[PDB]
Amino acid sequence: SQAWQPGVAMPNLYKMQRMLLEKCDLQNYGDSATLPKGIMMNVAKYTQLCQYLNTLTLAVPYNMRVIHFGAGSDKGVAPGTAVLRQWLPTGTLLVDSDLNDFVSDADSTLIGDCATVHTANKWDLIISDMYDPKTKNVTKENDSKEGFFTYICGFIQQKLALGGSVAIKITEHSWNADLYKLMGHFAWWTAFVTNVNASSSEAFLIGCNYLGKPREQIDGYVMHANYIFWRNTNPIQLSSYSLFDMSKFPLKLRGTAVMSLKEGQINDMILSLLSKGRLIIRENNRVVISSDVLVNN
Amino acid sequence: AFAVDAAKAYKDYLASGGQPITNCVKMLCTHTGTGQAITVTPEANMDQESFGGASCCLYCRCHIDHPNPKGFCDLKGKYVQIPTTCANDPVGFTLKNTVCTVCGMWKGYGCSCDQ
Ligand SMILES: Nc1ncnc2c1ncn2[C@@H]1O[C@H](CSCc2ccc(Cl)c(C(=O)O)c2)[C@@H](O)[C@H]1O
Ligand SMILES: [Zn+2]
Ligand SMILES: [Zn+2]
């Protein structure tokens with residue numbers, strides 16, 4: 001019955017194991033889903049991610065603020081941004097970014113390494129597709145990767161509003177232990193595999209309703225080993241089925257309350273509202289962004 | 001007085017038999033929408049495909065200025081509905097056709113204001 005869902009989320013019992021890290025060997029490696037005529041993998045993948053995010057308790061305020069890293073394709077367009085703009089309520093402010101130049105439907109686009117991106121405001125949702133194929137080296141030890149993952153971890157801790165959520169792409173080899181540890185700072189978390197791309201070790205690590213403190217203590221090396229163990233022992237049938245029913249696709253505008261509060265004012269009552277998708281804590285000023293430019297000869 | 005005329009160059013390359021611009025971003029949708037030409041969310045009907053607007057704009061895709069004093073783009077950040085029979089070349093179709101300002105449909109592809 002998984003074939004009619006948008007994808008498969010890591011079952012909770014697998015999160016509780018203490019597996020050793022193994023090589024990822026997917027039974028359905030190299031199979032492919034049959035996409036609807038003329039639909040790109042990236043559109044299908046983001047559509048299924050958004051369909052799954054519709055099932056979670058995302059905070060959806062007025063003036064929602066969403067930022068999308070890794071949004072450029074090698075053809076210079078932004079398919080994932082186009083799906084996000086379709087999904088998010090009209091009037092949502094959407095910013096995207098990538099190392100390479102591209103044209104986008106986002107409200108603003110920054111070109112450069114994500115480490116150069118700075119924002120004045122906090123954000124309600126962070127989406128990342130960033131990935132370096134140089135990490136797929138099967139001939140060497142699979143350790144926690146830094147690069148753009150270091151930026152993402154700091155960016156969550158500094159610029160994600162309390163109550164906000166994230167979806168960060170990982171793979172067998174493209175992962176970071178601190179990012180898994182940060183999943184314990186949300187009210188709930190999972191690793192989500194799209195049904196269209198189930199032949200790949202990619203998943204989106206989803207943190208749902210940021211609390212700004214450790215709710216649970218997660219060892220990221222162990223948790224990534226748990227993720228691979230799940231993938232190794234649970235073949236996922238490739239499926240496009242959910243792409244053909246878009247009647248309920250748009251994210252529900254919940255009008256979630258936005259409050260400004262200071263560290264000492266976050267009590268158990270506030271933490272409960274945050275945990276239920278019913279509160280966003282940040283300022284509601286102007287959204288201002290920038291990219292650092294290195295000047296040289 | 002010199003200005004690069006990319007619209008003419010693309011039309012002429014199309015007439016010469018050149019392959020249309022590819023990788024326009026086609027959306028999944030119900031295909032039960034209003035059928036209007038350029039919309040805030042995908043609105044294709046049964047006879048249309050919906051595409052991300054920026055990917056269908058000649059000036060966006062070629063990295064050149066938009067032909068307007070303030071340089072504004074009518075497509076970027078929106079979705080453009082393209083008749084399915086014309087969806088092999090969305091850029092050419094947006095470039096060659098006009099939106100009716102009263103009903104929002106493409107003239108000759110859904111506009112019935114003249115009947
Ligand atoms: N340090 C860094 N800073 C900023 N960006 C970085 C980065 N390191 C890697 N990236 C970027 O991550 C992206 C991974 S691919 C995403 C994608 C988008 C659209 C399509 Cl259509 C497809 C596809 O072909 O399926 C794939 C690439 O665009 C990379 O430039
Ligand atoms: Zn344009
Ligand atoms: Zn008309």
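So that the names make sense, note that chain A is the first sequence line, chain B the second, and so on, each numbered from 1. The basis for the numbers below is simple: all heavy atoms, side chains too, and nothing from hydrogens, waters or symmetry mates.
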Charged N to carboxylate O under 4.0 angstrom, [X] versus [Y]?
X      : Y      : answer
A:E202 : A:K45  : yes
A:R282 : A:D124 : yes
A:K145 : A:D132 : no

For [X], I'd like to know if atom [atom1] has over 12 heavy atoms of other residues, nucleotides or ligands within 6.0 Å.
X      : atom1 : result
A:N28  : CG    : yes
A:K276 : NZ    : no
A:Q17  : CD    : yes
A:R278 : CZ    : no
A:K75  : NZ    : no
A:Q265 : CD    : yes
A:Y151 : OH    : yes

As a quick check of understanding, evaluate side-chain contact (heavy atoms from CB on, under 4.5 Å) for B:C57 and B:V91, giving each step before the final call.
CA-CA 6 Å; B:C57 170; B:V91 173; over 6 Å; no

Under 3.5 Å, side chain of [X] to main-chain N/O of [Y], donor-acceptor pair present?
X      : Y      : result
B:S55  : B:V25  : yes
A:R231 : A:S200 : yes
A:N226 : A:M19  : yes
B:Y79  : A:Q86  : yes
A:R215 : A:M183 : no
A:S240 : A:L243 : no
B:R61  : B:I21  : no
A:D107 : A:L94  : yes
A:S174 : A:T171 : no
A:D113 : A:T116 : no

Exercise: identify the closest heavy-atom pair between [X] and [Y]:
X      : Y      : result
A:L125 : A:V166 : CD1-N, 4.3 Å
B:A54  : A:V103 : O-CG2, 4.3 Å
A:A71  : A:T81  : CB-OG1, 3.5 Å
A:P36  : B:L28  : CG-CD2, 4.1 Å
A:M64  : A:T92  : O-CG2, 3.4 Å
A:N209 : A:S165 : N-OG, 3.1 Å

Hey, are [Y] and [X] close enough side-chain-wise for a donor-acceptor pair under 3.5 Å?
X      : Y      : result
B:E49  : B:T84  : no
A:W4   : A:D245 : no
A:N137 : A:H173 : no
B:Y59  : B:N68  : no

With side chains defined as the heavy atoms from C-beta onward, is the minimum distance between [X] and [Y] less than 4.5 Å?
X      : Y      : answer
A:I127 : A:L84  : yes
A:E22  : A:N232 : yes
A:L182 : A:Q157 : yes
A:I281 : A:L279 : yes
B:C60  : B:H66  : yes
A:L271 : A:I266 : yes
A:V222 : A:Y227 : no
A:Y52  : A:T194 : no

Nearest 0.5 Å, what's the [atom1]-[atom2] distance between [X] and [Y]?
X      : Y      : atom1 : atom2 : answer
A:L110 : A:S291 : CG    : OG    : 5.5 Å
A:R65  : A:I126 : CZ    : CD1   : 12.5 Å
B:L95  : B:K11  : CG    : NZ    : 5.0 Å
B:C56  : B:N23  : SG    : CG    : 11.0 Å

Given the rule in the ring-ring contact (aromatic ring centres under 6.0 Å, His included) test, do A:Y210 and A:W123 qualify, once you have shown the distances and angles that lead to the verdict?
CA-CA 11 Å; A:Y210 186 52; A:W123 298 86; over 10 Å; no

Are A:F69 and A:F155 close enough that their ring centers fall under 6.0 Å?
yes

Taking the ring of A:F204 and the ring of A:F192, is the distance between their centroids below 6.0 Å?
no

I'd like to know whether A:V117 forms a side-chain contact (heavy atoms from CB on, under 4.5 Å) with A:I289, so could you lay out the CA-CA distance, the side-chain angles of the two residues, the decisive distance to 0.1 Å, and finally the verdict.
CA-CA 7 Å; A:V117 170; A:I289 65 178; 5.8 Å; no

Does A:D96 form a side-chain hydrogen bond (donor to acceptor under 3.5 Å, both in side chains) with A:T109? I'd like the steps, not just the answer.
CA-CA 5 Å; A:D96 62 6; A:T109 298; 2.6 Å; yes

Checking side-chain contact (heavy atoms from CB on, under 4.5 Å) for the pair A:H224/A:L21: CA distance, chi angles, key distance, verdict?
CA-CA 7 Å; A:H224 190 63; A:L21 178 62; 4.2 Å; yes

Worked verdict on B:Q81 versus B:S50 for side-chain hydrogen bond (donor to acceptor under 3.5 Å, both in side chains):
CA-CA 4 Å; B:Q81 279 60 240; B:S50 294; 2.7 Å; yes

Pairs meeting criterion side chain to side chain donor-acceptor pair (under 3.5 Å) with involvement of residues 90-101 of chain B, two or more places apart:
none

For B:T41 and A:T90, run side-chain contact (heavy atoms from CB on, under 4.5 Å): C-alpha distance rounded to whole Å, both residues' side-chain angles, the deciding distance at 0.1 Å, then the answer.
CA-CA 8 Å; B:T41 193; A:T90 302; 5.7 Å; no

Within 45° cone and under 6.0 Å: A:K15 NZ/CZ vs A:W189 ring
yes

Cation-pi check for A:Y131 against A:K169: NZ or CZ below 6.0 Å from the six-membered ring centre and within 45 degrees of the axis, yes or no?
yes

Mind telling me whether B:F93 and B:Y109 have parallel, tilted or perpendicular rings, with 30° and 60° as the class edges?
perpendicular

Sort and list the pairs that fulfil ring pair (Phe, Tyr, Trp, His ring centres under 6.0 Å) and have at least one residue in residues 23-47 of chain A, not counting sequence neighbours.
A:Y46-A:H68

